[PDB]
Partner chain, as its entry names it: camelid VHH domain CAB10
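Take a look at this single chain, the form solved without its partner chain, given in structure tokens.
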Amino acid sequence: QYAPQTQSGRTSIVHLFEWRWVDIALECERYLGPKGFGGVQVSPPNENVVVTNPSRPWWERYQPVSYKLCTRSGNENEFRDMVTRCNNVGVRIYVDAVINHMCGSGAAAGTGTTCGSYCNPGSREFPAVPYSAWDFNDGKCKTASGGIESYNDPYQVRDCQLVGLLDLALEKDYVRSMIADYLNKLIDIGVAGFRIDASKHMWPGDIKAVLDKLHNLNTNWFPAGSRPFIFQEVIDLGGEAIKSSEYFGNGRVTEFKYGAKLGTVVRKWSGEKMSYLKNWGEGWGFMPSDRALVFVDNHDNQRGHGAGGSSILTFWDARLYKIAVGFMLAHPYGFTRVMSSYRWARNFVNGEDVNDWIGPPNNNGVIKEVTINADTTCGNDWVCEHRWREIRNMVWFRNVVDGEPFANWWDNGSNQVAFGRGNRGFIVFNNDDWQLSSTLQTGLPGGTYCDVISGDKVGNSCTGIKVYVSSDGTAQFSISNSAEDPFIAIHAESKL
């Protein structure tokens, strides 16, 4: 459950948020495969309710009505084709499994669903599954409202309705089996693992029961006896009754402290400095490295949802975002997930975006295709952070230094730091309001390396900055605080 099952040498997964199956299949072949990306986390592939007020929000996909593979991203046919095509080029697929609940209890009854299935929230009727009134936790919840009123009581967090969503009775074998059969269909198609949505709102034991029913991965792409990769979404910043450690037995867990603290450090808030990152990882109170799935931002907190947080860095703060993502990709802690989003019109009232509901680019409800420009960026308001040179090259950097020890740390006692990974990679950051000029020991063999942040190695030359490492391992670095990207990264494969 802890092994990502990526093709050997690939160390990151990318969340292609709200992307259509056909677009992801193409992306795997023309980009993700050749550029060394390990996998793709897809939006929920199961049928959801249609929300017209507001107009098709991204969150309607977190209100399941059935387990039919029929959404705005595509149908079963297109989903199977995407999985097959991506697996054939060495890119895995990870499914966002929404299994804690169904649709909103106060939703209207009818066929206003992405595939035409009927449902009646009031009577707890889901014919397409099928689920009935006794497949839910209505009588199990003890709050006056029926919803989660306090996060200091583990019972109501797991047995009550999360934002009015009908809570499934996961202790029942009927429910456990229905969910397992849905997940097994996905595994048989070729999916490598799952992101278990709202794991915090389910009992660790119930999740384990579902996981014990899962088949081994498809032998057409995976070795015999391969178990699906599992990463549970558990928001734990401390101070609450539920802890991330309660879920360690099922598989990996999302470490939300990672992005919250990294963001604070890079923004230089609350007296934090980059020099403090020397003991980054478990030294900062994070879960064990082999149990964590790390990321700077996710689909929720980049727009104030989930636990939110003001320190969270997103594409909106591009310069700092690249620094944070670059640090994450270079550091050995955890398994890394890169975010890929779409842009929406923000409207801040009282320091909060009220347009955080806006769904993916669309033409009257139909999600727009991902167009690729001449400079390799995306059109139609798809941000495609995974295509930014600075990010794609750091994804490659992580592959090159996989398994290498954290080494040769240096800092100026403020916000200028540098470190290497064995004798295969080195990175230097300048997050101070003044210039950086030092001769650092890189731990790398002598020669001329291409900086992969400002450019690329093309043939026997570099398109960006060139760094010369003398015979003893030292190299002079000069980074201005006004530089577009205030950090340099060189590795064994960028050497001329």
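Residue numbers count along the first chain shown, from 1.
- Note on 7-15 vs 478-486: mean CA B-factor is higher in 478-486.
- Higher mean CA temperature factor between 285-293 and 112-120: 112-120, per the PDB entry.
- Per the PDB record, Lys466 has a higher Cα B-factor than any other of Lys466, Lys35, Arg56, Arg61.
- Residue-level inspection of the entry shows that, of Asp451, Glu29, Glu47, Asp433, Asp433 has the top Cα B-factor.
- Among the modelled residues of its chain, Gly459 has a C-alpha B-factor that falls in the highest third according to the deposited record.
- In the PDB entry, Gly106 places in the highest third of its chain by CA B-factor.
- Among the modelled residues of its chain, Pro405 has a C-alpha B-factor that falls in the highest third, as given in the PDB entry.
- Split the chain's modelled residues into thirds by C-alpha temperature factor. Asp81 is in the middle one.
- Among the modelled residues of its chain, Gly259 has a C-alpha B-factor that falls in the lowest third, as given in the PDB entry.
Not pictured, yet referred to below: the form deposited with its partner chain bound.
- Residue-level contacts in the bound PDB entry: of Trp409, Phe248, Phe222, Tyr118, one residue has a heavy atom within 4.5 Å of its partner chain, and it is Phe248.
- For the residues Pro154, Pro361, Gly422, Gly112, the 4.5 Å heavy atom test against its partner chain in the bound PDB entry is passed only by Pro154.
- Although the partner is absent here, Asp206 sits close enough that one of its heavy atoms falls within 4.5 Å of its partner chain in the bound PDB entry.
- The closest heavy atom approach of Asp188 to its partner chain in the bound PDB entry falls outside 4.5 Å.
- Interface membership of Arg392, defined by any non-hydrogen atom within 4.5 Å of its partner chain in the bound PDB entry, is ruled out.
- Contact check for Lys172: every heavy atom lies farther than 4.5 Å from its partner chain in the bound PDB entry.
- The three residues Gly459, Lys466 and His491 each lack any heavy atom within 4.5 Å of its partner chain in the bound PDB entry.
- Residues of just one listed stretch (131-139, 87-95, 196-204, 319-327) have heavy atoms within 4.5 Å of its partner chain in the bound PDB entry: 196-204.
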